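Asker: Please see the structure below; I have some questions.
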Amino acid sequence: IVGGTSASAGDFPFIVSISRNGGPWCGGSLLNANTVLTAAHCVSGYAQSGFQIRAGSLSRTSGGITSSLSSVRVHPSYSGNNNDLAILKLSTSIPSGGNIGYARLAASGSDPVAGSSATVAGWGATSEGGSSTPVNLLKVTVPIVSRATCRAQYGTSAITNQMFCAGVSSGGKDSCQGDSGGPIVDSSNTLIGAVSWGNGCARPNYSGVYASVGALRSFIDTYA
């Protein structure tokens with residue numbers, strides 16, 4: 001997260017950190033005791049044995065409850081930047097309670113409205129290409145950017161109806177490398193997306209791009 005602040009205990013109670021080969025990798029959202037939602041690009045094409053999830057801790061390295069993966073399912077239309085969600089099934093169930101909870105999801109057919117406030121969180125770098133990643137969770141608040149504006153930034157075909165955008169025009173606030181897969185929530189605390197892609201991080205005139213839960217809800221519901 002670039003331009004963010006420290007999360008407090010009990011913020012984002014559904015968030016999980018996801019390590020790969022013992023090192024930082026991405027974020028995700030706990031949907032229920034045995035299911036995590038992340039970005040497809042975090043898991044597609046990699047050995048599943050490399051991953052570990054951690055829930056219930058501000059730290060990505062210690063505390064909380066861990067699990068390995070039992071299975072991975074990517075959206076059936078995932079390709080590159082598009083339809084960038086995956087469902088992970090956990091080998092060890094994680095109960096809600098204390099600083100662990102489950103996400104509430106945006107409705108099928110919903111789309112975030114331009115100018116509304118959203119909050120994104122993760123353990124990614126605090127600068128593009130950053131040489132070290134924080135141990136403790138960060139968060140930042142950014143407004144939704146209309147799909148039309150985002151298409152003017154990236155190209156018409158580049159931003160699909162399964163993506164939405166968020167950021168500040170002058171830059172400075174964004175999700176970054178290592179934040180992929182983690183949650184972006186709306187002003188009701190409903191999970192509206194997962195960190196997906198962008199042109200660098202926090203650049204003026206290049207919004208962060210997020211996979212839309214509303215748009216991909218039927219997939220989520222099938223496998224959650």
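Residue numbers start at 1 in each chain; chains themselves are named A, B, ... in the order of the structure tokens; ligands are numbered from 1 in the order shown.
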So which residues of segment 36-223 of chain A fall under alpha helix (DSSP H) by DSSP, listed as a list in words?
Answerer: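 Everything in segment 36-223 of chain A that counts as alpha helix (DSSP H) is residues 40, 41, 42, 43, 147, 148, 149, 150, 151, 152, 153, 154, 217, 218, 219, 220, 221, 222 and 223 of chain A.
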Asker: Can I get the selected residues back with N, CA and C atoms, as a PDB file, in the first residue's frame?
Answerer:
ATOM      1  N   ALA A  40      -6.851 -14.324  -9.232  1.00  0.00           N
ATOM      2  CA  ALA A  40      -6.404 -15.485  -9.983  1.00  0.00           C
ATOM      3  C   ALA A  40      -4.917 -15.434 -10.282  1.00  0.00           C
ATOM      4  N   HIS A  41      -4.364 -14.251 -10.601  1.00  0.00           N
ATOM      5  CA  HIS A  41      -2.981 -14.197 -10.986  1.00  0.00           C
ATOM      6  C   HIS A  41      -2.048 -14.522  -9.801  1.00  0.00           C
ATOM      7  N   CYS A  42      -2.546 -14.482  -8.581  1.00  0.00           N
ATOM      8  CA  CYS A  42      -1.739 -14.862  -7.435  1.00  0.00           C
ATOM      9  C   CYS A  42      -1.463 -16.354  -7.370  1.00  0.00           C
ATOM     10  N   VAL A  43      -2.357 -17.162  -7.951  1.00  0.00           N
ATOM     11  CA  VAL A  43      -2.312 -18.613  -7.780  1.00  0.00           C
ATOM     12  C   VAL A  43      -2.275 -19.426  -9.072  1.00  0.00           C
ATOM     13  N   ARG A 147     -15.525   3.917 -14.941  1.00  0.00           N
ATOM     14  CA  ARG A 147     -14.964   3.037 -15.932  1.00  0.00           C
ATOM     15  C   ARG A 147     -14.612   3.831 -17.182  1.00  0.00           C
ATOM     16  N   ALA A 148     -15.400   4.840 -17.557  1.00  0.00           N
ATOM     17  CA  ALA A 148     -15.074   5.666 -18.714  1.00  0.00           C
ATOM     18  C   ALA A 148     -13.734   6.395 -18.550  1.00  0.00           C
ATOM     19  N   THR A 149     -13.490   6.990 -17.384  1.00  0.00           N
ATOM     20  CA  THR A 149     -12.206   7.658 -17.117  1.00  0.00           C
ATOM     21  C   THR A 149     -11.069   6.644 -17.154  1.00  0.00           C
ATOM     22  N   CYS A 150     -11.272   5.492 -16.506  1.00  0.00           N
ATOM     23  CA  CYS A 150     -10.239   4.478 -16.495  1.00  0.00           C
ATOM     24  C   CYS A 150      -9.916   4.007 -17.897  1.00  0.00           C
ATOM     25  N   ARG A 151     -10.935   3.867 -18.750  1.00  0.00           N
ATOM     26  CA  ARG A 151     -10.709   3.507 -20.161  1.00  0.00           C
ATOM     27  C   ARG A 151      -9.949   4.589 -20.902  1.00  0.00           C
ATOM     28  N   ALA A 152     -10.182   5.855 -20.579  1.00  0.00           N
ATOM     29  CA  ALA A 152      -9.374   6.897 -21.175  1.00  0.00           C
ATOM     30  C   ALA A 152      -7.915   6.802 -20.731  1.00  0.00           C
ATOM     31  N   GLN A 153      -7.648   6.328 -19.549  1.00  0.00           N
ATOM     32  CA  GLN A 153      -6.275   6.133 -19.066  1.00  0.00           C
ATOM     33  C   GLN A 153      -5.572   4.936 -19.698  1.00  0.00           C
ATOM     34  N   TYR A 154      -6.270   3.806 -19.766  1.00  0.00           N
ATOM     35  CA  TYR A 154      -5.654   2.528 -20.120  1.00  0.00           C
ATOM     36  C   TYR A 154      -5.986   1.996 -21.528  1.00  0.00           C
ATOM     37  N   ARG A 217     -19.844 -12.546  -8.997  1.00  0.00           N
ATOM     38  CA  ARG A 217     -20.450 -13.114  -7.855  1.00  0.00           C
ATOM     39  C   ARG A 217     -20.974 -14.509  -8.143  1.00  0.00           C
ATOM     40  N   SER A 218     -21.454 -14.783  -9.363  1.00  0.00           N
ATOM     41  CA  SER A 218     -21.994 -16.105  -9.592  1.00  0.00           C
ATOM     42  C   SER A 218     -20.930 -17.180  -9.455  1.00  0.00           C
ATOM     43  N   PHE A 219     -19.744 -16.917  -9.951  1.00  0.00           N
ATOM     44  CA  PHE A 219     -18.603 -17.832  -9.761  1.00  0.00           C
ATOM     45  C   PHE A 219     -18.323 -18.023  -8.277  1.00  0.00           C
ATOM     46  N   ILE A 220     -18.223 -16.936  -7.548  1.00  0.00           N
ATOM     47  CA  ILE A 220     -17.928 -16.988  -6.121  1.00  0.00           C
ATOM     48  C   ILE A 220     -18.970 -17.896  -5.425  1.00  0.00           C
ATOM     49  N   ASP A 221     -20.224 -17.639  -5.696  1.00  0.00           N
ATOM     50  CA  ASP A 221     -21.296 -18.387  -5.023  1.00  0.00           C
ATOM     51  C   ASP A 221     -21.328 -19.833  -5.371  1.00  0.00           C
ATOM     52  N   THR A 222     -20.924 -20.181  -6.554  1.00  0.00           N
ATOM     53  CA  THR A 222     -20.887 -21.580  -6.976  1.00  0.00           C
ATOM     54  C   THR A 222     -19.918 -22.385  -6.118  1.00  0.00           C
ATOM     55  N   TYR A 223     -18.757 -21.808  -5.802  1.00  0.00           N
ATOM     56  CA  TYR A 223     -17.693 -22.572  -5.204  1.00  0.00           C
ATOM     57  C   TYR A 223     -17.437 -22.230  -3.760  1.00  0.00           C
TER      58      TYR A 223
END
Asker: Can you pull out the residues contacting residue 19 of chain A? Cut-off 7 Å, using only C-alpha atoms, and skip same-chain residues under 4 positions away; I want them as a JSON list (two decimals) with N, CA, C and O atoms, in the first residue's frame.
Answerer:
[["chain", "number", "residue", "atom", "x", "y", "z"],
["A", 23, "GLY", "N", 7.68, -16.75, 1.83],
["A", 23, "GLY", "CA", 7.88, -15.37, 1.66],
["A", 23, "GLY", "C", 6.57, -14.64, 1.33],
["A", 23, "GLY", "O", 5.58, -15.28, 0.95],
["A", 24, "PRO", "N", 6.56, -13.33, 1.46],
["A", 24, "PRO", "CA", 5.34, -12.59, 1.18],
["A", 24, "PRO", "C", 4.95, -12.76, -0.28],
["A", 24, "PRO", "O", 5.80, -12.92, -1.17],
["A", 25, "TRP", "N", 3.64, -12.74, -0.52],
["A", 25, "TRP", "CA", 3.16, -12.94, -1.89],
["A", 25, "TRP", "C", 1.93, -12.12, -2.19],
["A", 25, "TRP", "O", 1.95, -11.28, -3.09],
["A", 26, "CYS", "N", 0.84, -12.36, -1.43],
["A", 26, "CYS", "CA", -0.37, -11.63, -1.79],
["A", 26, "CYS", "C", -1.31, -11.58, -0.57],
["A", 26, "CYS", "O", -0.90, -11.94, 0.53],
["A", 51, "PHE", "N", 1.75, -22.41, -1.00],
["A", 51, "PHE", "CA", 0.99, -21.34, -0.37],
["A", 51, "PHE", "C", 0.59, -21.67, 1.07],
["A", 51, "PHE", "O", 0.21, -22.80, 1.40],
["A", 52, "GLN", "N", 0.56, -20.63, 1.88],
["A", 52, "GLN", "CA", 0.01, -20.68, 3.23],
["A", 52, "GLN", "C", -0.79, -19.41, 3.46],
["A", 52, "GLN", "O", -0.35, -18.32, 3.11],
["A", 53, "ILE", "N", -1.95, -19.57, 4.09],
["A", 53, "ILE", "CA", -2.80, -18.46, 4.47],
["A", 53, "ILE", "C", -2.64, -18.22, 5.99],
["A", 53, "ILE", "O", -2.51, -19.16, 6.74]]
Asker: Pick from A:182, A:172, A:101, A:124: nearest to residue 27 of chain A, with only C-alpha atoms counted?
Answerer: A:182
Asker: Find the residues around segment 34-36 of chain A up to 12 Å (only C-alpha atoms counted), leave out those fewer than 5 positions away in its own chain, and share them as JSON, numbers by chain.
Answerer: {"A": [14, 15, 16, 17, 18, 27, 28, 29, 43, 52, 53, 54, 55, 66, 67, 68, 69, 70, 71, 72, 73, 74, 85, 86, 87, 88, 89, 90, 91, 92, 93, 94, 95, 96, 101, 102, 103, 181, 182, 183, 194, 220, 221, 222, 223, 224]}
Asker: Determine, counting only C-alpha atoms, which protein, DNA and RNA residues have an atom within 9 Å of an atom of residue 213 of chain A; residues of the same chain fewer than 5 positions away are not included. Present the result as a list in words.
Answerer: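 Counting only C-alpha atoms, the residues come to residues 85, 105, 106, 107, 108, 110, 111, 162, 163, 191, 192, 193, 194 and 220 of chain A.
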Asker: Go ahead and write the residues just picked, N, CA, C and O atoms, as a JSON list (two decimals), in the first residue's frame.
Answerer:
[["chain", "number", "residue", "atom", "x", "y", "z"],
["A", 85, "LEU", "N", -10.16, -13.49, -10.44],
["A", 85, "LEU", "CA", -10.50, -14.02, -9.13],
["A", 85, "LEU", "C", -10.29, -15.52, -9.10],
["A", 85, "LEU", "O", -10.46, -16.23, -10.10],
["A", 105, "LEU", "N", -20.30, -9.88, 0.75],
["A", 105, "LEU", "CA", -19.99, -9.64, -0.64],
["A", 105, "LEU", "C", -20.99, -8.71, -1.35],
["A", 105, "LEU", "O", -22.18, -8.77, -1.08],
["A", 106, "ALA", "N", -20.47, -7.94, -2.31],
["A", 106, "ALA", "CA", -21.33, -7.17, -3.19],
["A", 106, "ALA", "C", -22.26, -8.12, -3.95],
["A", 106, "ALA", "O", -21.95, -9.23, -4.33],
["A", 107, "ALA", "N", -23.46, -7.56, -4.25],
["A", 107, "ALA", "CA", -24.50, -8.30, -4.96],
["A", 107, "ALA", "C", -24.18, -8.53, -6.43],
["A", 107, "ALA", "O", -23.56, -7.71, -7.10],
["A", 108, "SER", "N", -24.67, -9.65, -6.99],
["A", 108, "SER", "CA", -24.59, -9.91, -8.42],
["A", 108, "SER", "C", -25.29, -8.77, -9.17],
["A", 108, "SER", "O", -26.41, -8.42, -8.86],
["A", 110, "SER", "N", -24.13, -5.63, -9.26],
["A", 110, "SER", "CA", -23.73, -4.33, -8.73],
["A", 110, "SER", "C", -22.42, -3.87, -9.38],
["A", 110, "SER", "O", -21.63, -4.63, -9.89],
["A", 111, "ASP", "N", -22.19, -2.54, -9.28],
["A", 111, "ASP", "CA", -20.99, -1.90, -9.83],
["A", 111, "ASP", "C", -20.71, -0.67, -8.97],
["A", 111, "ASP", "O", -21.57, 0.14, -8.77],
["A", 162, "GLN", "N", -15.76, -6.48, -15.91],
["A", 162, "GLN", "CA", -15.47, -7.24, -14.70],
["A", 162, "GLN", "C", -14.35, -6.60, -13.87],
["A", 162, "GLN", "O", -13.83, -7.21, -12.93],
["A", 163, "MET", "N", -14.02, -5.35, -14.20],
["A", 163, "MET", "CA", -13.02, -4.57, -13.51],
["A", 163, "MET", "C", -13.65, -3.26, -13.05],
["A", 163, "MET", "O", -14.54, -2.75, -13.74],
["A", 191, "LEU", "N", -17.39, -6.10, 0.74],
["A", 191, "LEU", "CA", -16.30, -6.44, -0.16],
["A", 191, "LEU", "C", -16.77, -6.29, -1.61],
["A", 191, "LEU", "O", -17.63, -6.98, -2.10],
["A", 192, "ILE", "N", -16.12, -5.31, -2.31],
["A", 192, "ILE", "CA", -16.48, -4.98, -3.69],
["A", 192, "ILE", "C", -15.44, -5.45, -4.68],
["A", 192, "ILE", "O", -15.74, -5.56, -5.87],
["A", 193, "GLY", "N", -14.20, -5.77, -4.24],
["A", 193, "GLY", "CA", -13.22, -6.19, -5.19],
["A", 193, "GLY", "C", -11.99, -6.78, -4.54],
["A", 193, "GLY", "O", -11.85, -6.82, -3.33],
["A", 194, "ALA", "N", -11.09, -7.21, -5.42],
["A", 194, "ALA", "CA", -9.76, -7.68, -5.05],
["A", 194, "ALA", "C", -8.74, -6.88, -5.87],
["A", 194, "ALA", "O", -8.94, -6.61, -7.05],
["A", 220, "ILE", "N", -18.22, -16.94, -7.55],
["A", 220, "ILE", "CA", -17.93, -16.99, -6.12],
["A", 220, "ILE", "C", -18.97, -17.90, -5.42],
["A", 220, "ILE", "O", -18.59, -18.77, -4.64]]
Asker: Output as an NGL selection string all residues of segment 20-88 of chain A that backbone DSSP marks as strand (DSSP E).
Answerer: :A and (20 or 23-32 or 35-38 or 51-55 or 65-67 or 69-74 or 86-88)
Asker: Grab the atom CA of residue 188 of chain A to atom CA of residue 123 of chain A distance for me, in Å with one decimal place.
Answerer: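 We find that atom CA of residue 188 of chain A and atom CA of residue 123 of chain A lie 22.7 Å from each other.
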Asker: Of the candidates A:60, A:139, A:203, A:173, which shows the shortest atom-to-atom distance to residue 8 of chain A, using only C-alpha atoms?
Answerer: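 For residue 8 of chain A, the nearest of the candidates is A:139.
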Asker: Which residues, written as number ranges by chain, have at least one atom at most 9 Å from residue 1 of chain A, with only C-alpha atoms counted and residues fewer than 3 positions away on the same chain left out?
Answerer: A: 4-5, 120-127, 137-140, 173-179, 201
Asker: Any chance you could export the current selection's C-alpha atoms as a PDB file, in the first residue's frame?
Answerer:
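Resulting contents of result.pdb:
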ATOM      1  CA  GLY A   4      -1.516   4.528   3.576  1.00  0.00           C
ATOM      2  CA  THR A   5      -1.742   4.218   7.327  1.00  0.00           C
ATOM      3  CA  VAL A 120      -8.002  -1.168   0.347  1.00  0.00           C
ATOM      4  CA  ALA A 121      -5.567  -3.051   2.593  1.00  0.00           C
ATOM      5  CA  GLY A 122      -2.525  -5.254   2.367  1.00  0.00           C
ATOM      6  CA  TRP A 123       1.091  -6.066   3.067  1.00  0.00           C
ATOM      7  CA  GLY A 124       2.528  -4.959  -0.230  1.00  0.00           C
ATOM      8  CA  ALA A 125       5.303  -2.498  -0.906  1.00  0.00           C
ATOM      9  CA  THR A 126       5.018   1.120  -0.036  1.00  0.00           C
ATOM     10  CA  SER A 127       6.736   2.237  -3.241  1.00  0.00           C
ATOM     11  CA  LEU A 137      -1.095  -4.484   7.588  1.00  0.00           C
ATOM     12  CA  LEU A 138      -1.593  -1.086   5.947  1.00  0.00           C
ATOM     13  CA  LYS A 139      -4.745   0.491   4.529  1.00  0.00           C
ATOM     14  CA  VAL A 140      -5.645   3.454   2.321  1.00  0.00           C
ATOM     15  CA  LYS A 173      -2.518   6.545  -2.838  1.00  0.00           C
ATOM     16  CA  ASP A 174      -2.819   3.011  -4.209  1.00  0.00           C
ATOM     17  CA  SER A 175      -2.360  -0.683  -3.820  1.00  0.00           C
ATOM     18  CA  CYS A 176       1.086  -2.020  -4.852  1.00  0.00           C
ATOM     19  CA  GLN A 177       3.036  -5.237  -5.623  1.00  0.00           C
ATOM     20  CA  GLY A 178       2.297  -7.686  -2.847  1.00  0.00           C
ATOM     21  CA  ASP A 179      -1.207  -6.307  -2.293  1.00  0.00           C
ATOM     22  CA  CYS A 201       1.449   2.177  -8.355  1.00  0.00           C
TER      23      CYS A 201
END
Asker: Record the distance separating atom CA of residue 77 of chain A and atom CA of residue 210 of chain A, expressed in Å with one decimal.
Answerer: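 Atom CA of residue 210 of chain A lies at a distance of 15.9 Å from atom CA of residue 77 of chain A.
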Asker: Need the shell around residue 50 of chain A: protein/DNA/RNA residues with any atom at most 7 Å away, counting only C-alpha atoms. Skip same-chain ones fewer than 2 positions apart. Format as an MDAnalysis selection string?
Answerer: chainID A and resid 20:21 47:48 52
Asker: Calculated over only C-alpha atoms, which of the candidates A:202, A:216, A:99, A:79 has the smallest distance to residue 44 of chain A?
Answerer: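 With only C-alpha atoms as the atom set, the closest residue is A:79.
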Asker: Choose the residue, out of A:65, A:145, A:159, A:195, that has the smallest atom-to-atom separation from residue 39 of chain A; count only C-alpha atoms.
Answerer: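 Closest residue, counting only C-alpha atoms: A:195.
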Asker: In Å, rounded to a single decimal, give me how far atom CA of residue 214 of chain A is from atom CA of residue 82 of chain A.
Answerer: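 Atom-to-atom, atom CA of residue 82 of chain A to atom CA of residue 214 of chain A, that is 14.2 Å.
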Asker: Out of A:205, A:169, A:189, A:157, which residue has the shortest atom-to-atom distance to residue 81 of chain A when counting only C-alpha atoms?
Answerer: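 Between A:205, A:169, A:189, A:157, the residue approaching residue 81 of chain A most closely is A:157.
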